[PDB]
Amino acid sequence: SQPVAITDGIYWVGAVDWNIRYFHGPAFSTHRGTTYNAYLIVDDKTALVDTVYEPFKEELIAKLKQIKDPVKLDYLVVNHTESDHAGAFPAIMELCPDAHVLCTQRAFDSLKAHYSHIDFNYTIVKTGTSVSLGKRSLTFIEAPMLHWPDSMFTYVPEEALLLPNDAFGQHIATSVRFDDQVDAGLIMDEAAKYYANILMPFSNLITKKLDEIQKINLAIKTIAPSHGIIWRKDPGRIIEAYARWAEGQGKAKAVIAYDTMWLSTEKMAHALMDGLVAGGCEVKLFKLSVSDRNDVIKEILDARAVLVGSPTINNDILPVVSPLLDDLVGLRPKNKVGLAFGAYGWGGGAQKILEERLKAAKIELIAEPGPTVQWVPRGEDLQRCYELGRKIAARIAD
């Protein structure tokens, strides 16, 4: 209901989605819901940056009328189209027909494909362009593939305010809006879960756009993403985190995701971790069929090692392990070392599948044919897994 002011004239007018437990379809789990943020700037000429997820258009409009009775809206910025952000696009245009749309090219094309039948004045914007609203203007910065092709940021220099959309956001539902009103530790963890699951494969593009904003000495006093809390107090903190995560130097940490039918593969898992811990390396042990794939990925962003295990069923992998694997192949973990392991009763087959997938994800296998075992692990075997983890530990060194 109640809109929130970032500063005199600039307001937060999005909606909070408290009960959503899954975003991007069944992909990103939102244990704590999320929010669709939209920003209104009231000047001689008023602008609305991004909209809201369709099912929440009511709350948007309501918050809008909460600032000014008949909604003016001279400009309508669209940094992204996705849906969670442009779903209310139609509702809004019908509300303010003559509103002027400013966006990237691919954004315009996308906007035309996901809606059409919707007439509107536009004006393709490019990185560096600039429109004025009076006392305040709004320059832009193209942000291709920083999630999507049509992606871009919106910078209001007059207040050193940045509106990067999806980037720098976190999927959290809260009645509070700013980072100084949330636990510093918990909010950053969410920020990491978002990065790990969305921006992981675009790390290099990220370091780039980052340095770019630095070369231009853009004064970023506050960052207001399209999901979650608005970084008002310490915005340098996530800028720096992103910087760190994007480089991916990592920490002497190792994630072991796996699953088993009769425990043989599990034992191999303990042995690997026991050796890894001995090498002075932290370890996260995830039994896939009872762990959040999304949380497992978040843990990997930081780890310098990834070990996946599974026995073999019908000459193939254990289905439960498939999701993690293909999700890794698409996310492409920047600079990582890993291993594959598991048991079998006669022929095997999981090990090849695992190693091909792992290699496809660009994970440097610390020992090509990984530790496989027939039926049950033997002492010599567990010892082998032990030293192997011991070996990985030493490489992740730190």
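So that there is no doubt, residue numbering starts at 1 and follows the sequence shown.
For the pair 228 to 236 and 293 to 301, the mean Cα B-factor is higher in 228 to 236. Between 182 to 190 and 100 to 108, the higher mean Cα B-factor belongs to 100 to 108. Remark: of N315, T222, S264, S310, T222 shows the highest value [criterion: C-alpha B-factor in the PDB entry]. Sorting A196, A167, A243, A160 by the CA temperature factor given in the entry leaves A160 at the top. In this PDB entry, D74 carries a Cα temperature factor that places it within the highest third of its chain's modelled residues. Sorting the modelled residues of the chain by their CA temperature factor places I20 in the lowest third. When the CA B factors of the chain's modelled residues are split into thirds, the value for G87 lands in the highest one.
In this PDB entry, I206 carries a Cα temperature factor that places it within the middle third of its chain's modelled residues. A397: CA B factor lies in the highest third for its chain, per the PDB record.
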